[PDB]
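Trainee: For reference, this is run_30.pdb, and it has PDB, C-alpha atoms (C1' of nucleotides).
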```
ATOM      1  CA  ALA B   1      10.379  -3.367 -33.290  1.00  0.00           C
ATOM      2  CA  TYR B   2      10.708   0.216 -34.499  1.00  0.00           C
ATOM      3  CA  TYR B   3      10.476  -0.927 -38.110  1.00  0.00           C
ATOM      4  CA  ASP B   4       7.354  -2.930 -37.335  1.00  0.00           C
ATOM      5  CA  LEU B   5       5.785   0.070 -35.631  1.00  0.00           C
ATOM      6  CA  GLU B   6       6.573   2.259 -38.627  1.00  0.00           C
ATOM      7  CA  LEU B   7       5.027  -0.290 -40.977  1.00  0.00           C
ATOM      8  CA  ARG B   8       1.897  -0.443 -38.835  1.00  0.00           C
ATOM      9  CA  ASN B   9       1.630   3.342 -38.857  1.00  0.00           C
ATOM     10  CA  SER B  10       1.992   3.414 -42.631  1.00  0.00           C
ATOM     11  CA  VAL B  11      -0.722   0.791 -43.026  1.00  0.00           C
ATOM     12  CA  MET B  12      -3.046   2.755 -40.746  1.00  0.00           C
ATOM     13  CA  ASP B  13      -2.416   5.921 -42.752  1.00  0.00           C
ATOM     14  CA  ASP B  14      -3.179   4.081 -45.983  1.00  0.00           C
ATOM     15  CA  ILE B  15      -6.418   2.729 -44.553  1.00  0.00           C
ATOM     16  CA  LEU B  16      -7.419   6.217 -43.387  1.00  0.00           C
ATOM     17  CA  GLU B  17      -6.740   7.548 -46.880  1.00  0.00           C
ATOM     18  CA  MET B  18      -8.849   4.772 -48.390  1.00  0.00           C
ATOM     19  CA  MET B  19     -12.410   5.457 -47.116  1.00  0.00           C
ATOM     20  CA  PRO B  20     -14.705   7.473 -44.776  1.00  0.00           C
ATOM     21  CA  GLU B  21     -15.162   6.473 -41.118  1.00  0.00           C
ATOM     22  CA  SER B  22     -16.986   7.632 -37.974  1.00  0.00           C
ATOM     23  CA  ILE B  23     -15.145   6.909 -34.694  1.00  0.00           C
ATOM     24  CA  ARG B  24     -12.065   5.567 -36.531  1.00  0.00           C
ATOM     25  CA  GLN B  25      -9.800   5.150 -33.507  1.00  0.00           C
ATOM     26  CA  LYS B  26     -11.587   1.949 -32.502  1.00  0.00           C
ATOM     27  CA  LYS B  27     -11.299   0.622 -36.052  1.00  0.00           C
ATOM     28  CA  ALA B  28      -7.574   1.378 -36.170  1.00  0.00           C
ATOM     29  CA  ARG B  29      -6.939  -1.258 -33.510  1.00  0.00           C
ATOM     30  CA  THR B  30      -8.970  -3.794 -35.481  1.00  0.00           C
ATOM     31  CA  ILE B  31      -7.007  -2.983 -38.630  1.00  0.00           C
ATOM     32  CA  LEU B  32      -3.735  -3.454 -36.752  1.00  0.00           C
ATOM     33  CA  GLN B  33      -4.934  -6.807 -35.429  1.00  0.00           C
ATOM     34  CA  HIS B  34      -5.887  -7.899 -38.940  1.00  0.00           C
ATOM     35  CA  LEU B  35      -2.461  -6.900 -40.228  1.00  0.00           C
ATOM     36  CA  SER B  36      -0.794  -8.876 -37.450  1.00  0.00           C
ATOM     37  CA  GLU B  37      -2.906 -11.921 -38.281  1.00  0.00           C
ATOM     38  CA  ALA B  38      -1.980 -11.622 -41.953  1.00  0.00           C
ATOM     39  CA  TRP B  39       1.700 -11.444 -41.048  1.00  0.00           C
ATOM     40  CA  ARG B  40       1.355 -14.536 -38.867  1.00  0.00           C
ATOM     41  CA  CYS B  41      -0.370 -16.389 -41.700  1.00  0.00           C
ATOM     42  CA  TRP B  42       2.422 -15.419 -44.085  1.00  0.00           C
ATOM     43  CA  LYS B  43       5.015 -16.666 -41.602  1.00  0.00           C
ATOM     44  CA  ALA B  44       3.152 -19.958 -41.265  1.00  0.00           C
ATOM     45  CA  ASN B  45       2.219 -20.219 -44.938  1.00  0.00           C
ATOM     46  CA  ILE B  46      -1.465 -20.156 -44.273  1.00  0.00           C
ATOM     47  CA  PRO B  47      -3.519 -18.299 -46.857  1.00  0.00           C
ATOM     48  CA  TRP B  48      -4.942 -15.235 -45.106  1.00  0.00           C
ATOM     49  CA  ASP B  49      -8.466 -15.183 -46.535  1.00  0.00           C
ATOM     50  CA  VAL B  50     -11.124 -13.386 -44.489  1.00  0.00           C
ATOM     51  CA  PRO B  51     -14.576 -12.990 -46.089  1.00  0.00           C
ATOM     52  CA  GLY B  52     -15.609  -9.625 -44.584  1.00  0.00           C
ATOM     53  CA  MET B  53     -12.310  -7.964 -45.556  1.00  0.00           C
ATOM     54  CA  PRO B  54     -13.127  -5.642 -48.474  1.00  0.00           C
TER      55      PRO B  54
ATOM     56  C1'   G O   1     -55.527  16.530 -36.447  1.00  0.00           C
ATOM     57  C1'   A O   2     -51.941  17.699 -32.201  1.00  0.00           C
ATOM     58  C1'   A O   3     -49.141  16.305 -26.911  1.00  0.00           C
ATOM     59  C1'   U O   4     -47.088  12.345 -24.560  1.00  0.00           C
ATOM     60  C1'   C O   5     -45.956   7.237 -22.766  1.00  0.00           C
ATOM     61  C1'   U O   6     -45.028   1.659 -23.527  1.00  0.00           C
ATOM     62  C1'   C O   7     -43.351  -2.480 -26.659  1.00  0.00           C
ATOM     63  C1'   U O   8     -41.163  -4.646 -31.386  1.00  0.00           C
ATOM     64  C1'   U O   9     -37.844  -4.301 -35.901  1.00  0.00           C
ATOM     65  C1'   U O  10     -33.950  -1.732 -38.926  1.00  0.00           C
ATOM     66  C1'   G O  11     -30.060   1.726 -38.805  1.00  0.00           C
ATOM     67  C1'   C O  12     -26.193   3.040 -35.009  1.00  0.00           C
ATOM     68  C1'   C O  13     -23.931  -0.522 -31.445  1.00  0.00           C
ATOM     69  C1'   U O  14     -16.925  -3.517 -27.779  1.00  0.00           C
ATOM     70  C1'   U O  15     -22.906 -10.153 -33.192  1.00  0.00           C
ATOM     71  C1'   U O  16     -16.363  -9.176 -28.383  1.00  0.00           C
ATOM     72  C1'   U O  17      -9.798  -7.939 -28.220  1.00  0.00           C
ATOM     73  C1'   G O  18      -4.759  -1.337 -28.551  1.00  0.00           C
ATOM     74  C1'   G O  19       2.275  -3.604 -30.386  1.00  0.00           C
ATOM     75  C1'   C O  20       6.906  -6.501 -32.005  1.00  0.00           C
ATOM     76  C1'   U O  21      10.329 -10.740 -31.654  1.00  0.00           C
ATOM     77  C1'   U O  22      13.326 -17.546 -32.815  1.00  0.00           C
ATOM     78  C1'   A O  23       4.243 -19.735 -32.711  1.00  0.00           C
ATOM     79  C1'   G O  24       9.238 -14.673 -28.094  1.00  0.00           C
ATOM     80  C1'   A O  25      11.239 -19.229 -25.441  1.00  0.00           C
ATOM     81  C1'   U O  26      10.210 -23.818 -22.494  1.00  0.00           C
ATOM     82  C1'   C O  27       6.414 -27.609 -20.281  1.00  0.00           C
ATOM     83  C1'   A O  28      12.626 -30.628 -19.309  1.00  0.00           C
ATOM     84  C1'   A O  29      17.809 -30.496 -15.545  1.00  0.00           C
ATOM     85  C1'   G O  30      22.379 -35.094  -9.574  1.00  0.00           C
ATOM     86  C1'   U O  31      22.071 -29.065 -12.256  1.00  0.00           C
ATOM     87  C1'   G O  32      25.987 -25.920 -13.271  1.00  0.00           C
ATOM     88  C1'   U O  33      27.167 -20.758 -12.648  1.00  0.00           C
ATOM     89  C1'   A O  34      28.108 -16.405 -10.495  1.00  0.00           C
ATOM     90  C1'   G O  35      27.474 -13.494  -6.408  1.00  0.00           C
ATOM     91  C1'   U O  36      26.011 -11.820  -1.218  1.00  0.00           C
ATOM     92  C1'   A O  37      25.970 -12.767   4.300  1.00  0.00           C
ATOM     93  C1'   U O  38      27.412 -14.717  10.206  1.00  0.00           C
ATOM     94  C1'   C O  39      26.301 -18.256  14.795  1.00  0.00           C
ATOM     95  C1'   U O  40      25.704 -21.773  20.464  1.00  0.00           C
ATOM     96  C1'   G O  41      24.555 -21.327  25.646  1.00  0.00           C
ATOM     97  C1'   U O  42      25.346 -20.127  31.132  1.00  0.00           C
ATOM     98  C1'   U O  43      25.362 -16.262  34.869  1.00  0.00           C
ATOM     99  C1'   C O  44      26.559 -11.641  38.530  1.00  0.00           C
ATOM    100  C1'   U O  45      23.767  -8.232  41.662  1.00  0.00           C
ATOM    101  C1'   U O  46      22.719  -5.626  66.297  1.00  0.00           C
ATOM    102  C1'   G O  47      19.250  -4.698  70.570  1.00  0.00           C
ATOM    103  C1'   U O  48      17.920  -1.854  75.328  1.00  0.00           C
ATOM    104  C1'   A O  49      18.122   2.573  78.512  1.00  0.00           C
ATOM    105  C1'   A O  50      19.394   7.760  79.563  1.00  0.00           C
ATOM    106  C1'   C O  51      20.576  12.787  77.998  1.00  0.00           C
ATOM    107  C1'   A O  52      20.635  17.212  73.954  1.00  0.00           C
ATOM    108  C1'   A O  53      16.596  18.736  69.513  1.00  0.00           C
ATOM    109  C1'   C O  54      11.783  18.976  66.816  1.00  0.00           C
ATOM    110  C1'   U O  55       6.061  18.104  67.263  1.00  0.00           C
ATOM    111  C1'   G O  56       4.504  17.011  61.816  1.00  0.00           C
ATOM    112  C1'   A O  57       4.649  16.497  56.060  1.00  0.00           C
ATOM    113  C1'   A O  58       2.430  16.748  51.098  1.00  0.00           C
ATOM    114  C1'   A O  59      -1.489  18.281  47.622  1.00  0.00           C
ATOM    115  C1'   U O  60      -4.340  21.735  44.866  1.00  0.00           C
ATOM    116  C1'   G O  61      -8.095  25.589  46.008  1.00  0.00           C
ATOM    117  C1'   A O  62      -9.925  29.963  48.836  1.00  0.00           C
ATOM    118  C1'   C O  63      -6.979  36.297  50.334  1.00  0.00           C
ATOM    119  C1'   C O  64      -3.595  40.461  48.427  1.00  0.00           C
ATOM    120  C1'   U O  65       0.047  42.603  44.276  1.00  0.00           C
ATOM    121  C1'   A O  66       5.857  34.918  39.987  1.00  0.00           C
ATOM    122  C1'   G O  67       5.992  36.547  45.499  1.00  0.00           C
ATOM    123  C1'   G O  68       3.827  36.935  50.693  1.00  0.00           C
ATOM    124  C1'   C O  69       0.972  34.945  55.369  1.00  0.00           C
ATOM    125  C1'   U O  70      -3.569  32.208  57.031  1.00  0.00           C
ATOM    126  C1'   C O  71      -7.221  27.846  56.459  1.00  0.00           C
TER     127        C O  71
END
```
As structure tokens, please, write out the structure in this file.
Mentor:
Amino acid sequence: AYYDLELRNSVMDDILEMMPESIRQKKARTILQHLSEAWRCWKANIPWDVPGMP
RNA sequence: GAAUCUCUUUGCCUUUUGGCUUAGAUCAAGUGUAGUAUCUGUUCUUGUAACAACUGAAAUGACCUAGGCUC
């Protein structure tokens, strides 16, 4: 669980580093959700392709 | 030209979500397993007369400085 949390944090940090945002807290949650979805897809062996994802 | 108000579109907006794990597990089972705790009614519970004695209690309020008499 701890490891997962750490990973999530790292990902969030990376995303923050990446580009400018206004009211980023809200977006953080979304990012986390996306990450989770991706992980799930990987587990399943579904390709995680989302069109809006830059 | 300037002040303001009303409506529509674009931008900005929760055109929708704050974790992880074996999709967390299962849509099944004479269950097994461990523990923790005590109950039924039926009964006990002298009169009459005379003499000696008192005629009356309690409540709160009216006087005086808890106490003392009167109503």
Trainee: Could you tell me which residues the PyMOL selection byres ((chain B and resi 30) around 12) grabs in this file, written as a PDB file with C-alpha atoms (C1' of nucleotides), keeping the file's coordinate frame?
Mentor:
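Dumped to expr.pdb:
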```
ATOM      1  CA  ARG B   8       1.897  -0.443 -38.835  1.00  0.00           C
ATOM      2  CA  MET B  12      -3.046   2.755 -40.746  1.00  0.00           C
ATOM      3  CA  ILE B  15      -6.418   2.729 -44.553  1.00  0.00           C
ATOM      4  CA  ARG B  24     -12.065   5.567 -36.531  1.00  0.00           C
ATOM      5  CA  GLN B  25      -9.800   5.150 -33.507  1.00  0.00           C
ATOM      6  CA  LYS B  26     -11.587   1.949 -32.502  1.00  0.00           C
ATOM      7  CA  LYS B  27     -11.299   0.622 -36.052  1.00  0.00           C
ATOM      8  CA  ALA B  28      -7.574   1.378 -36.170  1.00  0.00           C
ATOM      9  CA  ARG B  29      -6.939  -1.258 -33.510  1.00  0.00           C
ATOM     10  CA  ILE B  31      -7.007  -2.983 -38.630  1.00  0.00           C
ATOM     11  CA  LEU B  32      -3.735  -3.454 -36.752  1.00  0.00           C
ATOM     12  CA  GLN B  33      -4.934  -6.807 -35.429  1.00  0.00           C
ATOM     13  CA  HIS B  34      -5.887  -7.899 -38.940  1.00  0.00           C
ATOM     14  CA  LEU B  35      -2.461  -6.900 -40.228  1.00  0.00           C
ATOM     15  CA  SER B  36      -0.794  -8.876 -37.450  1.00  0.00           C
ATOM     16  CA  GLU B  37      -2.906 -11.921 -38.281  1.00  0.00           C
ATOM     17  CA  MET B  53     -12.310  -7.964 -45.556  1.00  0.00           C
TER      18      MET B  53
ATOM     19  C1'   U O  14     -16.925  -3.517 -27.779  1.00  0.00           C
ATOM     20  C1'   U O  16     -16.363  -9.176 -28.383  1.00  0.00           C
ATOM     21  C1'   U O  17      -9.798  -7.939 -28.220  1.00  0.00           C
ATOM     22  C1'   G O  18      -4.759  -1.337 -28.551  1.00  0.00           C
TER      23        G O  18
END
```
Trainee: Go ahead and compute the interatomic distance for atom CA of residue B:45 and atom CA of residue B:10, in Å to one decimal.
Mentor: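 The value is 23.7 Å.
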Trainee: Report as a ChimeraX atom specification the residues that result from applying the PyMOL selection byres ((chain O) within 8 of (chain B)) to the structure here.
Mentor: /O:18-21
Trainee: Which residue out of B:23, B:16, B:41, B:7 has the minimum interatomic distance to residue O:23 when all atoms listed in the file are used?
Mentor: B:41
Trainee: What's the separation between atom CA of residue B:42 and atom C1' of residue O:24, in Å to one decimal place?
Mentor: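 One can read the atom CA of residue B:42 to atom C1' of residue O:24 distance as 17.4 Å.
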Trainee: Could you check how far atom CA of residue B:51 sits from atom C1' of residue O:13, in Å to one decimal?
Mentor: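 Answer for the atom CA of residue B:51 to atom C1' of residue O:13 separation: 21.4 Å.
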Trainee: Could you work out an axis-aligned box for stretch 43-47 of chain B, taking every atom the file lists and adding 6 Å on each side, and report centre and edge lengths in Å to one decimal, as AutoDock Vina command-line options?
Mentor:
```
--center_x 0.7 --center_y -18.4 --center_z -44.1 --size_x 20.5 --size_y 15.6 --size_z 17.6
```
